[PDB]
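Each remark here refers to the structure printed beneath this line.
Cβ atoms come from the backbone with ideal geometry, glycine included; neighbour counts cover every protein chain shown. What follows draws every value from the coordinates through simple rules; no lab data is involved.
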Amino acid sequence: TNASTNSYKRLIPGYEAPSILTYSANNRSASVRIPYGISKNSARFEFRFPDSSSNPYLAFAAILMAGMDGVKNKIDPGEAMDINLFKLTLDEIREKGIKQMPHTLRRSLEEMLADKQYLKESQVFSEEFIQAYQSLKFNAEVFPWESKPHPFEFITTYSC
Amino acid sequence: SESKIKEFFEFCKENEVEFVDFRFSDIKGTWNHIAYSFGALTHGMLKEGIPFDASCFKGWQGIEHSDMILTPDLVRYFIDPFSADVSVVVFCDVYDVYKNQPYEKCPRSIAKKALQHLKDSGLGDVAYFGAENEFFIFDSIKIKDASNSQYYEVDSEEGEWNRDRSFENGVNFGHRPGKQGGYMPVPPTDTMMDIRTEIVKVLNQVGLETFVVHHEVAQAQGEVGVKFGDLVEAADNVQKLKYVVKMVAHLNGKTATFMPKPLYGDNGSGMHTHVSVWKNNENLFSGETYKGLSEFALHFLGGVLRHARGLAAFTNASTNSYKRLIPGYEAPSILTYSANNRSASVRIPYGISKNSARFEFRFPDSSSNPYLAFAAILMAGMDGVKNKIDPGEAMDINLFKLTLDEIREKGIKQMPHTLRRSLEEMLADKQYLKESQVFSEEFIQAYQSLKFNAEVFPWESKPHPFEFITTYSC
Amino acid sequence: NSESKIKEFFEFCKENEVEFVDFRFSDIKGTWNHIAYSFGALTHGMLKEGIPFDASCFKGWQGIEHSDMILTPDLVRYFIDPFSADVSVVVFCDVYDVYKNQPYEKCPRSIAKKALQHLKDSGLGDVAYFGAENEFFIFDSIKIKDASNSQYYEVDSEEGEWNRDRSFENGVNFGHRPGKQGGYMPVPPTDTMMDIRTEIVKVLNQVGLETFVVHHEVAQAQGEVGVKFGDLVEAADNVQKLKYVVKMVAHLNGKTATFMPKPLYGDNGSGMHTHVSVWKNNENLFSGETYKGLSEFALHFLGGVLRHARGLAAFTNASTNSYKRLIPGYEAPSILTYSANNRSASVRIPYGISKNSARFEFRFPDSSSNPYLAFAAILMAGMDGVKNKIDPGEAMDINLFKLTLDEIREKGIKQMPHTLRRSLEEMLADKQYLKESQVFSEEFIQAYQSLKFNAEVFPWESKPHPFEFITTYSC
Amino acid sequence: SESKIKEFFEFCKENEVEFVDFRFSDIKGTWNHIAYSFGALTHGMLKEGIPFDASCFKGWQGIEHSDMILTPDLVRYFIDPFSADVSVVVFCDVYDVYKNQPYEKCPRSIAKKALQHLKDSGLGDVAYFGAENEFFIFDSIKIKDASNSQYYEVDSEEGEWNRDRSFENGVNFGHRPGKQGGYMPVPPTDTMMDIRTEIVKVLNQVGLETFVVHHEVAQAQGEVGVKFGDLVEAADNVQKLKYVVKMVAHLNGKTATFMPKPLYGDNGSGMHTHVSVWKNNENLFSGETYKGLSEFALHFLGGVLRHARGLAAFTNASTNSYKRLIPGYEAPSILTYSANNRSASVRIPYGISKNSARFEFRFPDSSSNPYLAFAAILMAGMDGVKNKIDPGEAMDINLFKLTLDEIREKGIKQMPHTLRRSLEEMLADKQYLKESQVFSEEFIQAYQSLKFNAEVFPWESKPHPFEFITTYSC
């Protein structure tokens, strides 16, 4: 869903972009949001963390495969947080054990590769593909961003 | 401290000194100065110290307790060669006046606490360090940090990018080292021969005995071999070395940098660090356990390699640092040792007499605080000998081989790829730093918050021009 | 001016081959003014009687019908001007009021003697020592525009973050620039002013001033020189010399200086960190053991300075530009309390605080102030404190810039005034501690009030500001 | 609300509408819109409302409770004349879904609560307001907000500053109204005759009956007389008026502004506001107590003048507002009333038939939120009649006389000189606003924090180019 390193320049607090993985009604600091209307015909979630750098097929496919694991394994989503999520400290993050979004695509691929089974159900995401997708994203996005100098390093480090 | 002070005052008198320039290093590694008109110096002013506002350095003091003291250390002082009016530079230590002890967040204070912790354990007497600081001399550097635009461009008359340019009414003199071709064509292809040579003269001018001076592999790059010194003194001369190179670049109308990786696809700058430990005039690194080295030396190495993934947070202290740790540029990404091997993290040089036995750690870069890097390495090497840490087996292959498979199937730990992972690993393994309070945990916690905000959070949050080649059309 | 001192002054001139005497005097605003006499046309009598001039040209001073006034030279701290091509000695002067046959009650330097003499007369002290740190800026360029359809300024400096991308002599940019808020204290070549700062203190000493420290400061083109403490007038005198010396040295090397409080938005302002001690019979009355090395006498002094503080801002923070600096978070005080080692506080107790050195440092004044009036008024407010045994309240050893707008009002915490208009109001509604012994005569106060409203307030309140165009243009 | 909805849906059908543009005013006064593709509109979508993210407007919602609703009010809708594809504009009300009541921080909600509070007290039935919105048409506007530079420059071919300029290869046509000379020279000195005339046509196009159109005193300035309307409807048409003038300026390649004072030394823009209160078809302002007015009307005025110093926080809501409240430009600084007097705060116009009796409050400017200004004035005028407030005596002199003395010795309150003093006074006297919860204190507290940060704190903190003329040499 966040398949470029540029995705992670967006996942920074304070721009109505989620860094904290919780749900709340009427909350644009949360990863998931319950809209106000929420009739019967309209009951739904809204996931605010995905972006258009994602392949919509893979993104939608994967979102559905992860929700279905939830129904199979009766997974509790925990407790809603009806606070301003961008106001929580780095203390309040770690101490209160609050599962935040990954900061880079590299960690996201690591997290995916270490948890790939809910996608492999019924060969929906075959393993050959996953290794291809992993190989693609490391060579297209990560290895070039990790290896091409960035102009801010020139403000920071040039004077050393 | 009043031994020195008479004499130092006498040294100022006969060098016709008008300013004493107190210099001290913040956490980041930046050299800072504050000049006192000589006539206004009393002997008592050097016991007490120099007050200053230590709230202006991130990682040090908050404004509520802003006052601090500089404690001049009257060693390696020298006349500033560049200042128009006579100035003496003196290194200084930061004294915490709220705890009435040397400042546990003073980098040079830590470096003294580490070279003492080795005295105190009995393992060694001296810890000798020897830095090769690769650097670059560009003509021009232009930067842009803004909402809609990030931008950099270094410039050098040697660069492949100028082969077609018009300089002085359209005259171009050709003769350019290629990409990675600077080692070591003669002039006029080498345009820095007199620039490097005059640097060396001024380095000697400030009390730095020099050895070798050459062009390096990358297009505008250089190096000067300076003499091994003890841990602080080694780091003291790094501060000096950089000041001279940057300032002579400046006099001749250029601009220097020791930053790790300024050019894509060309060599980065290394701080090739040479260490040996001695005791009672016997070099403890020399033995016959392995290619002229002692098992004591290999245990040291066992400790450096063991904590290296975390040690990198002090030796590779900029995000730019990791743009260099890419295979194929004589920069190590794999944590092993080998003789005469520059794909390796550590190198055993060729000479290895019982007098010159040492390691060369190739993975640090000059973006580091020299004080912290040298300090941290020694705390990692001492942990090794305490626990007689196994450094593993030598790898005498070209390490830039079988990347994906042989690394995961058989191979050993490699350097962290981003500054963030280096900090995670650092925080997850900090005891070898904390013994004898060399690295107090408040300092360690100060450095983590400072480095995430200065280095990681901006890099993770300012978009990069390559994402526009990749993703703009997404 | 005793003719023991006029004689030796004449000999100082003959053996230094002086061809012009530059009589200098300070109007109310703080501008140093001069009038040069061809030496040799100088009488012994002209140093007694004085020098005529046109005091109708100075707003707050004389009308044209009674325009003639006298300069009275004071033959102390004179100096040979290094800059003038032909040799000139500068000599200080006061205005003598010839219609009232008293030293001019609106002459700021005359006020500064009347303020220091009111102390020796009251017996509280002998000397009042002042020591100012005037932070300044050395720019490359300043461009301004005041017109019907355009307001505009631009300072420029090679060190400025705005030049990180500029093309210079042949489009070469040297890099190495301190960040916004980063000038303290990177070494060169990031520090470009090391030879300029060094050349300043060389000339400061040339003009009879002693310097201790010289460093780059926190803002991008900012600098500072520490000068020796001096008595109330002499300190204000050395401030006039210092301002001239850096302005002219910036100038000889092709630049332009300023001591104005806040030229750069988003970077540190310039302060006049003023250090006070009162001594008597060679004992330092500020040192004691009531508090961190300070006496009851000193703490009552501080309470008086703190009580009248909001009105005192009118002489120490005498431009509207002063109040762009008095914003939280740039080591500039907005909260009127004291604390040791605290740069968020209005007053600061330095760490050293020996007996000989016991002192306060007031961080709220700036160099837009007339040093005579500022020092004079600071002393008149501290003396009220000792007379009325004023308690300065309780020290606040917190980060003062961290306190909320709730924590401000609810906790009743007396903050600095936000504009010069409120500061003049606060002064005009509390003017008595200055009027003691006619030090600040009321005619002057009304002149000073009239001057500052017409020079600074009414123009700033009435000239559109470019940010209103970002805010309001789209309405 | 389903009366309208059928018909409105029928109005869209025969105007071939593809977009319905829901427009609603935040605290600042900014008009905001959100367009729905018509085909996707169900009748139910207009009962429920339009969801939106009300956390994006300072002074409204925090992100934790971001969702809100727009409640379309199906009055004064009109086809957008400018939009390429057919659009209908509809005003909207913000509904608080956490309190299930109209949003106490919705300006247009307050304006309905005030025109109801007058129904509810019995004093009056209708409150008629009539705005003259002076504005400016420039060719170009350039701004700079930065660390080292603040900068503005408007441009107009009429300005005194262009008398010597080369335009189209160096042709300059002369004929320029002087400084303050625009009232009302004929063309070609008047270059805006067709620009003003076409504005009026489009104003009629959106349901605004017009009266007069002239050049105003300042060089690029203009005005259109629009018909009195009730309190909300008056403010509704101000939103419309501004949109049209700004957009027609834009079509013809120019740029408009209703900002109070764009040019130094030239006239500012006023929102000359005309009020009368009526009941049972009898105009309550008309009487014989004073020059054709009732004592009821003078009590109203007594209340407006009494709270004016605080009322200014809503009528003069920008720091720029106070750059206009300077004597000598037909802008009031002294709070008194007078017949046929434009130095006065309030003016009794000449006509004053028992049908047209009214006041003209000259001190507001178009920088205000029209909803809040109109609302706040009525709450101040009603307090007056409750307390039968004495408005003092008329001052029929040129008020720009004897400034320093006669003001302090004999004279009455004058307008606050900065936005900050206007807010202080507002917070120190807020009851006449708070009765019947027209202005709830949370709204009043929201507006104070919003206005200090948007208007005061930037103005008090960004240096002004004139300080450089004054102080640079200090």
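Matching residues to (1) farther than 21 Å from B:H464 by Cβ; (2) in contact (Cβ under 8 Å) with a residue 24 or more places away in the chain:
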| residue | (1), (2) |
| --- | --- |
| A:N2 | no, yes |
| A:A17 | no, yes |
| A:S31 | yes, yes |
| A:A62 | yes, yes |
| A:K72 | yes, no |
| A:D91 | yes, no |
| A:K96 | yes, no |
| A:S108 | no, yes |
Inset, instruction - Can you work out which of the residues in the stretch D:422-442 that are charged (D, E, K, R) and without any contact (Cβ under 8 Å) to a residue 60 or more places away in the chain is farthest from the other protein chains (Cβ to nearest Cβ)? - result: D:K434
Legend entry - Test for B:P458: is it within 8 Å of another protein chain (Cβ to nearest Cβ), within 22 Å of B:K323 (Cα to Cα) and free of Cβ contacts under 8 Å to residues at least 12 places away in the same chain: yes
Legend entry - Residue check for B:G384: touching a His at 6+ places or on another chain (Cβ under 8 Å) and either away from chain A (no Cβ under 14 Å) or closer than 30 Å to A:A17 by Cα (or both): yes
Inset, instruction - Go through the stretch C:183-214 residue by residue and tally those that are in a loop (DSSP other than H, G, I, E, B), within 20 Å of C:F139 (Cβ to Cβ) and in contact (Cβ under 8 Å) with a residue 12 or more places away in the chain. - result: 8
Legend entry - Single match in C:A358, C:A318 (criterion: more than 14 Å from chain B (Cβ to nearest Cβ) and under 13 Å from the mean Cα position of the chain (by Cα)): C:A318
Inset, instruction - Scan (1) farther than 13 Å from B:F135 by Cα; (2) away from chain A (no Cβ under 14 Å); (3) within 20 Å of the chain's Cα centre (by Cα) for the single condition B:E295 breaks and write down its number. - result: (3)
Inset, instruction - Only one of these is surrounded by 21 or more Cβ atoms within 10 Å (Cβ to Cβ) and away from chain B (no Cβ under 11 Å): C:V246, C:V225, C:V201. Name it. - result: C:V246
Legend entry - Test result for C:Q220, within 14 Å of chain B (Cβ to nearest Cβ), over 13 Å from C:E133 (Cα atoms) and out of contact with any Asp or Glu (no Cβ under 7 Å at 6 or more places or on another chain): no
Inset, instruction - Search the stretch B:79-103 for residues being surrounded by 18 or more Cβ atoms within 10 Å (Cβ to Cβ) and small (G, A, S), and hand back the single one that is farthest from B:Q61 (Cα to Cα). - result: B:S83
Inset, instruction - Run down B:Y264, B:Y290 and say which single residue is of a type in the set (S, T, Y), more than 25 Å from B:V238 (Cα to Cα) and free of Cβ contacts under 8 Å to residues at least 60 places away in the same chain. - result: B:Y264
Inset, instruction - Output the number of the condition that C:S56 fails; it satisfies all remaining conditions of (1) in contact with a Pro (Cβ under 6 Å, 6 or more places away or on another chain); (2) free of Cβ contacts under 8 Å to residues at least 12 places away in the same chain; (3) of a type outside the set (F, W, Y). - result: (1)
Legend entry - Looking only at the stretch B:249-280, and only at residues there that are of a type in the set (S, T, N, Q), more than 14 Å from the chain's Cα centre (by Cα) and more than 14 Å from chain C (Cβ to nearest Cβ), the one that is nearest to B:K354 (Cα to Cα): B:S276
Legend entry - Residues located in the stretch C:71-101, provided they are among the aromatic types (F, W, Y) and over 20 Å from C:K114 (Cα atoms): C:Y78, C:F79, C:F83
Inset, instruction - Within the stretch C:81-92, identify whether any single residue is of a type in the set (D, E) and surrounded by fewer than 14 Cβ atoms within 10 Å (Cβ to Cβ), and answer yes or no. - result: yes
Inset, instruction - Please verify whether the stretch D:123-145 includes one or more residues that are buried (at least 19 other Cβ atoms within 10 Å of the Cβ), within 21 Å of the chain's Cα centre (by Cα), among the acidic types (D, E) and within 14 Å of chain C (Cβ to nearest Cβ). - result: yes
Legend entry - Positions within the stretch B:1-16 being of a type in the set (S, T, N, Q) and either within 12 Å of chain C (Cβ to nearest Cβ) or outside any loop (DSSP other than H, G, I, E, B) (or both), in sequence order: B:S3
Inset, instruction - Could you tell me which residue of the stretch C:279-295 is surrounded by the most Cβ atoms within 10 Å (Cβ to Cβ), considering only residues that are part of a loop (DSSP other than H, G, I, E, B) and aromatic (F, W, Y)? - result: C:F286
Legend entry - Evaluation of C:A235 against (1) at negative phi; (2) facing chain B (nearest Cβ under 9 Å) (one fails), failing number: (2)
Legend entry - Selection status of D:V89, of a type in the set (V, I, T), touching a helix residue (DSSP H, G or I) at 6+ places or on another chain (Cβ under 9 Å), more than 14 Å from every other protein chain (Cβ to nearest Cβ) and assigned to a strand (DSSP E or B): yes
Inset, instruction - Would you point out which residue out of B:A312, B:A317 is in contact (Cβ under 8 Å) with a residue 12 or more places away in the chain, assigned to a helix (DSSP H, G or I), crowded, with 23+ Cβ neighbours inside 10 Å and within 19 Å of the chain's Cα centre (by Cα)? - result: B:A312
Legend entry - Which listed residue is farther than 30 Å from B:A249 by Cβ, more than 11 Å from chain B (Cβ to nearest Cβ), of a type in the set (S, T, N, Q) and without any contact (Cβ under 8 Å) to a residue 12 or more places away in the chain, from A:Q117, A:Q100: A:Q117
Inset, instruction - Could you tell me whether any residue of the stretch A:146-154 is more than 7 Å from chain B (Cβ to nearest Cβ), buried (at least 19 other Cβ atoms within 10 Å of the Cβ) and part of a helix (DSSP H, G or I)? - result: no
Legend entry - So C:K180, is it facing another protein chain (nearest Cβ under 7 Å), touching an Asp or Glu at 6+ places or on another chain (Cβ under 9 Å), in a loop (DSSP other than H, G, I, E, B) and basic (K, R): yes
Inset, instruction - Look through C:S141, C:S110 and report the one residue that is of a type in the set (S, T, Y) and more than 14 Å from chain D (Cβ to nearest Cβ). - result: C:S110
Inset, instruction - Inspect all residues belonging to the stretch D:17-35 and state whether any of them is assigned to a loop (DSSP other than H, G, I, E, B), polar (S, T, N, Q), under 25 Å from the mean Cα position of the chain (by Cα) and closer than 30 Å to D:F452 by Cβ. - result: yes
Legend entry - Checking D:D73 against (1) without any contact (Cβ under 8 Å) to a residue 40 or more places away in the chain; (2) under 25 Å from the mean Cα position of the chain (by Cα); (3) within 14 Å of chain A (Cβ to nearest Cβ), the condition it does not meet: (3)
Inset, instruction - Kindly indicate whether C:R422 is among the basic types (K, R), more than 29 Å from B:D53 (Cα to Cα), within 12 Å of another protein chain (Cβ to nearest Cβ) and surrounded by fewer than 19 Cβ atoms within 10 Å (Cβ to Cβ). - result: no
